[PDB]
């Protein structure tokens, strides 16, 4: 009778659809699949010689494990190329330094076996780096966190990076899956000086004609302040800007510093960070450190989805995959549904369904381990917001939410959803201002 969720643990999930099935590939050579994005089936969980994705993995990827001095793999991407085969961009990292290698493996079938084609990037060397100059982690990337994608003109690209020298994009050979020659680490999009920015992902939206670069700010752990951000560009390889028109290219921590959160915070649209709808007298959903996302555009239905992992209030470091639907606002920026996907769609909303009291989450613009708390507001029939904040609300057309709060104009959507914690239907809104600040309302 009610939505059924079956949970899986896939860190850094990278979504791929093939033959009517969705798969996510993550770190530690973990993977899961689903037909409906709600009920997931765990397929693999860890690197070992009995992992079916890569038979005898420690021999198959011997060189990568040797360079990285690790027994595991970090965030994988799988992408199907024109030859119909599946290309896995694998990587490993020592973890205490950007000592890493990235390579590609290929499989006839989605669930493997994947066979190594070779390493094509390294970082953390003492001498000459991939761009011809000696390796410097303040300006050169850690060669991890790949996501490979086609642009609107059939060109193949790979964006990648975590911390260290920043986020880079490489143009790739559509026939071999390897980078085209003579690019070094490729073209820098942002980052440097050990900025807490990783997990880059690009999704082209045909309806707005923008490429959207999703990013994770902060650290992935429960005290890390992980949050999902986004910027956009006319071209796949930049330049990228945020909602205020800040160029992302200059976003980085100060020279001579490590993990300068204060310098990067003001840049990029912040879609989601730690939050809870729960109060002393009411249960509610809540995430700690949501991040490392991929995204999927469904060509049949036209809907978009954010796929990520998250931790949870009170549950330490345990993580699960979550899916939230994305909607494009008037300004051409996405907003996330406040609740995980349960088959909802943008339907007609009537003003009679909107008026009432809402719990309000303001995700803000910071990198903070502080779990955002709700405040109460009222959306009144006279098209005014009153309560712990004030302004005006109006429904544009079918379900577009034009809301003003604290003298700032927000745009997004009204959306009826399922609350899987309270197990009730809720009216929600999800909106975003020109400063890239996101607000969630739940009634």
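Residue numbers count along the first chain shown, from 1.
Look at the mean CA B-factor for 100-108 and for 316-324 in the entry; the higher one is 100-108. Comparing the deposited coordinates for 345-353 and 164-172, the stretch with the larger average C-alpha B-factor is 345-353. Highest CA B-factor among the listed residues (340, 363, 359, 147): 359. For the set 45, 417, 49, 34, the PDB entry puts the maximum C-alpha B factor at 49. Per-chain ranking of the deposited C-alpha B factor places residue 229 in the lowest third. Sort the modelled residues of the chain by CA B factor and residue 79 lands in the middle third.
In the PDB entry, residue 307 places in the lowest third of its chain by CA B-factor. Residue 375: CA B factor lies in the highest third for its chain, per the PDB record. Among the modelled residues of the chain, residue 204 sits in the middle third by CA temperature factor in this PDB entry.
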